[PDB]
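Visitor: Can you read through this structure? Questions will come right after.
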2 protein chains.
Amino acid sequence: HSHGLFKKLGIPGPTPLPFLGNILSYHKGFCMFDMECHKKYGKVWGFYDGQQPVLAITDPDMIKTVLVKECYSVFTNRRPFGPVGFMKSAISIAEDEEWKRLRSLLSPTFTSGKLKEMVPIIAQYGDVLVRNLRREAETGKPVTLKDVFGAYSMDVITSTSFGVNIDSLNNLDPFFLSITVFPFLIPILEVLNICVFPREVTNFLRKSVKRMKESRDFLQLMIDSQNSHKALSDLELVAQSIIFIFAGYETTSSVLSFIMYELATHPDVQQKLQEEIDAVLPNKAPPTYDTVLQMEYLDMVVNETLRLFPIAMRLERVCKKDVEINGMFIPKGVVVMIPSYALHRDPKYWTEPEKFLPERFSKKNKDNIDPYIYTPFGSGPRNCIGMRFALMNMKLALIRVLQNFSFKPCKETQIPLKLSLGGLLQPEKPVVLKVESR
Amino acid sequence: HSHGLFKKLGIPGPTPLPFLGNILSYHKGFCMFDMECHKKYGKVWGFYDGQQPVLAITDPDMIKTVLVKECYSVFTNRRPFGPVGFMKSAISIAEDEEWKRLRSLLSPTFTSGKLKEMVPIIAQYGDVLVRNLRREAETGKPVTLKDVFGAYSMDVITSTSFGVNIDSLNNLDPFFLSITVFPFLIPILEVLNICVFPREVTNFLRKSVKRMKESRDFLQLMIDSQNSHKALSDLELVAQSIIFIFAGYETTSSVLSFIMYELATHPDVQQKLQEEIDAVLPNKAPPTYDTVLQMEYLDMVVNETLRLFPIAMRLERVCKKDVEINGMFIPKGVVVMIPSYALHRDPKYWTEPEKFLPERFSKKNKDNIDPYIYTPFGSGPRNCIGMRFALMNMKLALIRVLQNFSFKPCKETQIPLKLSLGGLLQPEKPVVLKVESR
Ligand code: HEM
Ligand code: HEM
Ligand SMILES: O=C(CNC(=O)C(F)(F)F)N[C@H](CS[C@H](Cc1ccccc1)C(=O)NCCc1cccnc1)Cc1ccccc1
Ligand SMILES: O=C(CNC(=O)C(F)(F)F)N[C@H](CS[C@H](Cc1ccccc1)C(=O)NCCc1cccnc1)Cc1ccccc1
């Protein structure tokens, strides 16, 4: 029934099926479907997640309007995700004024100053990562990257969020598809006390927090925060910590795997990066905060990897009122979507876009890139609150790992890398590479 | 789970049962439960329709704050009623800016000027009401009032809304209880294309409207309206007409029955009213617009009946943001309720409140009544848009009916009147009275 909307608005798009919309086109993933629609339709098109109208926009002025200019007024919130339980109080899920408050209380936590104070604790677990890598390098047995990296990613998380310090390494799915064909079942589950975050994990940390709270990182800065608006609660403080672990876990690890695959399949870039790391940090010097920002080619590698593998795939905002933006009428309730992956690989902006070419982000060419076409961390008042931390975290990992080791493909290394057909931006097969000691 | 809210806020109220809240206390009706809570708790108290927190307020300053001062900002909408289908576009159901637009387009329809132009068409069907009454008066067979009145109420509706002219007389229930224990099933039904307004009635009028629309009252003024904002649609125009029929049907008839019962059980008031009607309209003169407003004692009878029988029972607003009003913090999502029936019978404001005493509204005493304690039509920007029309409609009915007939109780007349234990403000048994010709 709601499938007449875009037709009335005269916006092109694939014809929807009843009770499914256009969801059957997700068989090749969000990304392939985004690019095919970008090609066949042009600057704007609509489709239907079930009965939910989604409007893709690709014009950077319109993207700036949505993500920045009209954020507070119209496009404040992401599409209603649930069932979430108490995790409704987490910042990336909260809406309107509740989010606007949580953002203010959590923004000073992620300042450049606090991040610098976090570097030495991040610095220690690289040595763990190095020695755990050196144990597998002596063996030579080819390495699955998501393990060794995911262990390191966990080491940073538990340390940077709760002062807990562990050697972790030594110590489009069925449901969410059913969500968009039966989103009238979200409130069904909120009264059923079900949660996509098992009622045990949240229970574990909810009481684990109040142990550390009353026995005495992010938890510190957050506890210091609740010392205008209305300060911070105790259940809310737990929810944010959970959203920080989830955030920094499968993102820090996934990107670092994407980088090692790209460095291995481009040994020249690996050498030029190893040259820059050795020059600024002679004798495998311990990386510091300021030296990390000093390395431009390392930043060029990171951004180029994030261009080919934007973990988020898309950016979304719920249109809370009828609005006109840059000549286009958009009705209330519509989900406006910015196809990040499809823009990061648009030939109309990127020369040879399928190729890993760090020199696009050279200090010369970094000026030609539109910040509303390249958006690995989103943009506007509701961008990645942990952008600077994530970049610092990953760069500190790459530096110490390239001071000691070089990485070579193995016969099992999936060349070229095929992405996961599911709802996650991940490789089909895990990245397996050879680790050689310098 | 949501049952901890008021406890935290320190607001008193009945202790709720799981998965039911306090709904089992509706066995004696909304009204009896409201008065019992007013007595036992005082100025403010909360309770739970299932998991839904409802906050009753009784302080007129707070009532003015909710209904008037903070209407546009915070308390714009009534509690989400559904499943409604396309009737979501009807004004009494619409929310926020959509309602604010529908109100503007429909406000000039209900001006005092247009109402005066509607009187002669309303005047004609009183003669129908009189002659249909005279046929039953010759017989004398005691009369059930909701029939004869409901027929007249229909005659006004179809005439005042579509120019259709008929002699109609000659031509807390199970579901909504399940609504508040399973309100997570409202979106379940919106996708099931079910409706509490059968898919045939709405279908009947939706196509019946476009017949009269393309062949060529309220429909006229509305059609003239769609000739800023965005004008009016065709489906929306039908929805409003349906909400006008529903409005003016069981309300015009229910109140007029409540008035005849009260006039019959108080023959003195009936005589003093018949005296005023004869004096201003000698020789049973045809009532005019201006003469109706000239009659003060008739207005006193109407208001006093509406004090004892406020059809709406309660007034409700959904609190769309966290707010403080007159020293009381109110969290988001709470339903703020104004117990009209319980305030209209509060002895702390009304001397001998159970008694039918029109002299409370005498030009002398009408000054002492607080318009935030007496609210038969609500108050503020979202009051009864059809207040003036309804009063004019009912007064024109009473005048011509009292110029010709007098009304006496019968042995079957339920003295005293017992109200319906359900969710409607209606009598237990229908009102049966004796009709004598003057
Ligand atoms: C490579 C690493 C990361 C990438 C590429 C990334 C990217 C993004 C993107 C695209 C968004 C959505 C922006 C928008 O919708 O406009 C976002 C939001 C967010 N990110 Fe990240 N992120 C990364 C790491 C992190 C880390 C380490 C944290 C640690 C707390 C974090 C916390 C958040 C939060 C809380 C939000 C939601 C903010 C809000 O809703 O106000 N992210 N991120
Ligand atoms: C004895 C007759 C009537 C009584 C006692 C009455 C009373 C009320 C009350 C108490 C409200 C709610 C006010 C609030 O929540 O603040 C209301 C709203 C409303 N009434 Fe009436 N009413 C009567 C007749 C009518 C008639 C004849 C119409 C014809 C159109 C009508 C149309 C409406 C509408 C559309 C609303 C909702 C307005 C909005 O939501 O913006 N009513 N009425
Ligand atoms: O789009 C999708 C897929 N499918 C659907 O949602 C639909 F239901 F439709 F099927 N997932 C997300 C929205 S939930 C995501 C999971 C989460 C985890 C713990 C607690 C609560 C919630 C969350 O909120 N934070 C993650 C932290 C992060 C990760 C990466 C970068 N920065 C921060 C989209 C998203 C991505 C990035 C930022 C914000 C939102
Ligand atoms: O409260 C309750 C009972 N129970 C519950 O709602 C809960 F779901 F919770 F169980 N019903 C109403 C809210 S629906 C009511 C029905 C209706 C009819 C046709 C099309 C759509 C909707 C409507 O909207 N208009 C009526 C027109 C009117 C009648 C009388 C005076 N003026 C106007 C409360 C209400 C009363 C008065 C004005 C506004 C709202």
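Chain lettering (A, B, ...) mirrors the order of the structure tokens, residue numbering begins at 1 for each chain separately, and ligand numbering begins at 1 in order of display.
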Apply DSSP to the structure's backbone, then extract all residues of segment 134-265 of chain A labelled alpha helix (DSSP H) and return them as a PyMOL selection string.
Guide: chain A and resi 134-139+145-162+174-181+186-190+201-215+218-225+234-250+252-264
Visitor: For residue 379 of chain A, work out the shell of residues within 12 Å, counting only C-alpha atoms and skipping chain neighbours fewer than 4 positions away, then give it as an MDAnalysis selection string.
Guide: chainID A and resid 60 63:69 71 315:317 338 340 370:375 383:385 387
Visitor: Starting from chain B, keep only residues with some atom at most 6 Å from an atom of chain A, counting only C-alpha atoms, and report them as a PDB file with N, CA, C and O atoms, in the first residue's frame.
Guide:
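Output below, filename result-v8.pdb:
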ATOM      1  N   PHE B 184       1.338  -3.356  21.597  1.00  0.00           N
ATOM      2  CA  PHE B 184       2.298  -3.808  20.605  1.00  0.00           C
ATOM      3  C   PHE B 184       1.627  -4.517  19.434  1.00  0.00           C
ATOM      4  O   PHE B 184       2.329  -4.934  18.506  1.00  0.00           O
ATOM      5  N   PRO B 187       0.491  -1.936  15.444  1.00  0.00           N
ATOM      6  CA  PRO B 187       1.121  -2.037  14.117  1.00  0.00           C
ATOM      7  C   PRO B 187       0.897  -3.390  13.475  1.00  0.00           C
ATOM      8  O   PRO B 187       0.970  -3.505  12.244  1.00  0.00           O
ATOM      9  N   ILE B 188       0.650  -4.422  14.287  1.00  0.00           N
ATOM     10  CA  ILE B 188       0.228  -5.722  13.775  1.00  0.00           C
ATOM     11  C   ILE B 188      -0.995  -5.569  12.885  1.00  0.00           C
ATOM     12  O   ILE B 188      -1.084  -6.176  11.812  1.00  0.00           O
TER      13      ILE B 188
END
Visitor: Mind checking which residues fall within 9 Å of residue 123 of chain A, counting only C-alpha atoms, ignoring those fewer than 4 positions away in the same chain, and posting them as JSON, numbers by chain?
Guide: {"A": [118, 119, 127, 286, 287, 288, 396, 397, 400]}
Visitor: Within 10 Å of residue 264 of chain A, counting only C-alpha atoms, which residues qualify if same-chain residues fewer than 5 places away don't, as a PyMOL selection string?
Guide: chain A and resi 259+269-270+406-410+413+433-435
Visitor: In Å to one decimal, how far is atom CA of residue 200 of chain B from atom CA of residue 217 of chain B?
Guide: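 Straight-line distance from atom CA of residue 217 of chain B to atom CA of residue 200 of chain B works out to 23.9 Å.
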Visitor: May I have the residues within 6 Å of ligand 4, computed using only C-alpha atoms and all ligand atoms, as a list in words?
Guide: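 For ligand 4, the residues inside 6 Å are residues 81, 92, 93, 176, 243, 246, 247, 251, 312 and 384 of chain B.
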Visitor: For atom CA of residue 31 of chain B and atom 14 (C, counted along the ligand's line) of ligand 2, determine how far apart the two atoms are, in Å to one decimal place.
Guide: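 Here the two named atoms are 17.0 Å from each other.
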